[PDB]
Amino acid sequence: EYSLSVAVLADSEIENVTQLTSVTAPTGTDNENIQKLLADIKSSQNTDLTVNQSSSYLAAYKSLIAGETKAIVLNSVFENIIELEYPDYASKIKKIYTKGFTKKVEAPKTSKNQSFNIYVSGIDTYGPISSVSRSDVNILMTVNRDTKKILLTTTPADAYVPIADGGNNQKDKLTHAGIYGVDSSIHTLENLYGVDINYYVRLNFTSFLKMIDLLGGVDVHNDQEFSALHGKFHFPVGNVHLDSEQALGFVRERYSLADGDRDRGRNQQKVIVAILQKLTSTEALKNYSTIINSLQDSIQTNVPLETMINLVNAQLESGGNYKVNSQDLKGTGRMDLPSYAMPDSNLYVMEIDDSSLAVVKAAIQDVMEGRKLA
């Protein structure tokens, strides 16, 4: 659910598209959508516009505010990209023609064998799940139902990788993929790790809170004393029970941890294991429908109902615990590499360590294939 519009400056005398002869747009990277809009304009308004190609939607916007063009095409998805460098962009423009588009995100891929991959996207925002934002949590869960093994692979938010789809396969921090959509994030990680991602789950701060509450909190073993959210929550060494708000702090704190983002990644993994322990309780399995009802409006997923039912009932009958292992893609922080989405800013990114990538890829394959980890 997105839209393309013809936009002009807020104070432009232009009121409707029939007054235009041309429009500036990135036909180099969004030609299909753009051409649909132009065909729709020619049909309902009998107006044929020539296109002044721009290198991107950001570039088109710059041209507009610079007075170098009268009108641009704007794909709503990319308004969120423009906002990264121009937070007040919305107030600078008006829209004089709008076309709604619709697309389903990733279709689910059913695995032909005992193993599947689920991508967990954690969005940096409160409120309705439909809110567009970057994906600061990017965890792949490789599950093998035969060996009863799970592998959690964390990819840091700042990982500098080719971003698929809207990212135009250009390098940027992984978290930006989330802005283009869950599709972009999924395809980005499929390409990086060379595996099919069967399903995804997408949730934000508000979704996470409801889930923890619903489950009655979660229990973890904390390895190092730390505090989160400017000292609001304190976590001692030892077994800790986390309510919704504590758990959210627990998975967010980074800077004060001995190993920074890597330790935060491990804390997130601890919480996932704890959630899984609650979700595979007999009470939870028996009452899965209530859990679906309770979380459906705040958590997006393409896992089919039929699949959930199979997974739940299989666990109900067979019982038995999954063993969980974890890993994280390693790299080196840098300030001198360009961000495709934010070309004018110096950003911190993590340049991937190639030897680590090889190891991470091999481990995913091992668990999928039922081989022991190195």
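Counting begins at 1, following the sequence as shown.
J.: Please work out which of 265-273 and 206-214 has the higher mean CA B-factor as recorded in the PDB entry.
T.: Mean CA B-factor is higher for 206-214.
J.: Averaging the C-alpha B factors as listed in the entry, name the stretch that ends up higher: 43-51 or 62-70.
T.: 43-51 has the higher mean C-alpha B-factor.
J.: Name the one of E306, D336, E32, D344 with the greatest CA B-factor according to the PDB entry.
T.: Answer for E306, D336, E32, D344: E32, with the highest C-alpha B-factor.
J.: Reading the B-factor column of the entry, which of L329, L37, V349, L311 has the highest value at its C-alpha atom?
T.: Highest CA B-factor of the listed options: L37.
J.: Could you place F101 in the lowest, middle or highest third of its chain by Cα temperature factor, using the values in the record?
T.: Within its chain, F101 is a highest-third residue by C-alpha B-factor, going by the deposited values.
J.: Tell me, lowest, middle or highest third: where does the Cα B factor of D88 rank within its chain?
T.: Ranked within chain, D88 CA B lands in the lowest tercile.
J.: Divide the modelled residues of the chain into thirds by Cα B-factor and specify which third, lowest, middle or highest, holds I197.
T.: Within its chain, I197 is a lowest-third residue by C-alpha B-factor, going by the deposited values.
J.: Give the position of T154 by CA B-factor within its chain, expressed as the lowest, middle or highest third.
T.: It belongs to the lowest third of the chain when residues are ordered by C-alpha B-factor.
J.: Quick one: classify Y119 as lowest, middle or highest third of the chain based on its Cα B-factor.
T.: Its C-alpha B-factor belongs to the lowest third of this chain's values.
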